[PDB]
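There is one chain below, alone, in structure tokens, taken in the form deposited in one PDB entry.
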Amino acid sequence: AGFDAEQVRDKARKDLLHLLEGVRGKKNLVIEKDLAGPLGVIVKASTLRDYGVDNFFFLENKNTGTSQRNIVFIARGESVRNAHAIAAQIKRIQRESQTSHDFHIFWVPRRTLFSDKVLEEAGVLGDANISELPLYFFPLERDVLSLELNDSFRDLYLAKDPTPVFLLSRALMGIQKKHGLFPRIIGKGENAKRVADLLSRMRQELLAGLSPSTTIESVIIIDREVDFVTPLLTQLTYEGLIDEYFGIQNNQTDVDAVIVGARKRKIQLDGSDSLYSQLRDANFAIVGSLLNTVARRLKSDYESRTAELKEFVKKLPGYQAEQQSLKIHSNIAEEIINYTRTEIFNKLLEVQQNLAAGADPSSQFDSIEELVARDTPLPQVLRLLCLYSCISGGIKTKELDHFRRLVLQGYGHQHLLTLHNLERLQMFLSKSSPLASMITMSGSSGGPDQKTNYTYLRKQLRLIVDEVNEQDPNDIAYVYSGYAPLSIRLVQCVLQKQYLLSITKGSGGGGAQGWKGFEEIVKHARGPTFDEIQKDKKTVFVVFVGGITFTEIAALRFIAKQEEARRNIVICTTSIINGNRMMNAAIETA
């Protein structure tokens, strides 16, 4: 009766395959490198072959073949870069003749004016048959939908491109068209508010036949800028650390070849593996113990004491898969264990946990300087400086100038750009800057965009949970060993008020809706608080504009398990983000 992630995949594959069915004959396929990964989430390469794909090409390789007269470009239309690349590629192909003279472009999801103009301005516009592929959300898991806009953090927060926000609201409207209006549109933050506004004005346009869902409870929209502190921190879940040290993209990562046990190899990382399903959301401290329990259960099943010989060989493939999974994750865990034992890592964690806990950030000054002396990697130092700034309402000017110098001398003068970019993103500011001040009620004002108050909210939303036990956690704070992501505490102000009241005020009636009971507190997080009513169990879509971490996902699944009876939780996002990705946005954007 309600939403299911599998229908998004089916529609996506159907939509793509139909367009491939419109290009009659076999065809060559040119794809934006970044789109290639997410496309694999909805269709298998073997399937594309069955629909006439002779060869596959990455647009950026600039080496499209001749073997087939049909050429198909698949790329994002919002990208200024792609419009040029495709035009260049058509002209370069046309003049290496007589090769392949039937061009198609599938723009994702929408044809833009800028793109149509570039093609015409290059002359090739009357040569390509242009379609539109309405792919928005890619379902990475049953409970995780992603726009897979890996540059959207930079695009939105640095470059001020509104496109990620527009695309997210269209994706969200799509769901309303199929399952009814979200009864409630709830959220925090300037960009999340704009998502609501665009959802509103889109509805208003349709009335020119759409009713509240019977199967959807609400949509909660968190704006990532409300809480930079969470991504800056080192993630301490299993998947979180795999992301921190190896990097996860399209449900995959690359690891040294010795790790897979027979350059580096690619490994799949999703819920189809029974073991990873149990490991990914666990605090890394209990992973060794989880592996041990699995290995033991495995040894026990093997030892659990004709034509059962042929039964054995049929079961042979399932035995390697389990074995291979256990072997690979044991090897990864041992790798991460090594990393987390170094003095640099222990020193890092210490400064992060102190700042997070609320120690005077000046008391961490000598530690930070020592981290620079030891040449710890640039992204890790920058993430500390940002945490410092973001958590304490800016850095003391005199310390800022010192840190600024250490960074430039230690890692290179080019990083003056990096720091200016961190300044534009408002994660590296002096206390003397008006933009740096956190929200208070004794705050006078100024402040069009006053910042989240972590000093106040640490207490009021109980960001620090000293007691949490990682072996059978009782609180989302487990994802950072004692620290609770603010973003998800905000989701809890809506979804688990009984519980949240229980651990902050007492006497946790508290099963009604909106931000009731938390409005004055949530006023101290950045941007607008909103709650808009539009006039089996139900799904709550929890949405992040500007990126979610694997730790927030783990914490959301934790809550999902507790809320199992009453709700289903579906996580939506413009992309999956982490601390390193944010620093890269600042480093690489000239």
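Just count from 1 along the sequence shown to find any residue number.
According to the entry, the stretch of the deposited sequence that connects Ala208 to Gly209 contains 10 or more residues lacking coordinates, which leaves a long gap in the model. The PDB entry reports B-factors from which the mean C-alpha value can be compared for 480-488 and 447-455; the larger average falls on 447-455. Here the stretch with the larger average CA B-factor, out of 64-72 and 549-557, is 64-72. Reading the B-factor column for the CA atoms of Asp531, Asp50, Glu564, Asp34 in the entry, the top value corresponds to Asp50. Going by the entry's values, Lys505 shows the largest Cα B-factor out of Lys505, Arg154, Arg374, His420. Among all modelled residues in this chain, the alpha-carbon of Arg383 has a temperature factor (C-alpha) in the lowest third. The deposited CA B-factor of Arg9 belongs to the middle third of values across its chain. The PDB entry assigns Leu199 a C-alpha temperature factor belonging to the middle third of its chain's modelled residues. Placement of the Cα temperature factor of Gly514 within the chain: middle third of the modelled residues, per the deposited record. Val542: CA B factor in the lowest third of modelled residues in this chain (values from the PDB entry).
Omitted from view is the form solved in complex with a partner chain, to which the following refers.
Only one of 451-459, 369-377, 99-107, 283-291 places residue heavy atoms within 4.5 angstroms of the partner chain in the deposited complex, namely 369-377. The single contact residue among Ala295, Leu417, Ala122, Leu435, judged by any heavy atom lying within 4.5 Å of the partner chain in the deposited complex, is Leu417. A heavy atom within 4.5 Å of the partner chain in the deposited complex is found for one listed residue only; from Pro183, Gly508, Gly410, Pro134, this is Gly410. Three-residue candidate spot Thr112, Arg201 and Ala208; every residue lies within 4.5 angstroms of the partner chain in the deposited complex by at least one non-hydrogen atom.
In the deposited complex, the partner chain lies farther than 4.5 Å from every heavy atom of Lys431. The partner chain is not drawn, but in the deposited complex it has no heavy atom within 4.5 Å of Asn331. In the deposited complex, the partner chain sits within 4.5 Å of a heavy atom belonging to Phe166. Heavy atoms of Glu343 reach within 4.5 Å of the partner chain in the deposited complex, making it an interface residue.
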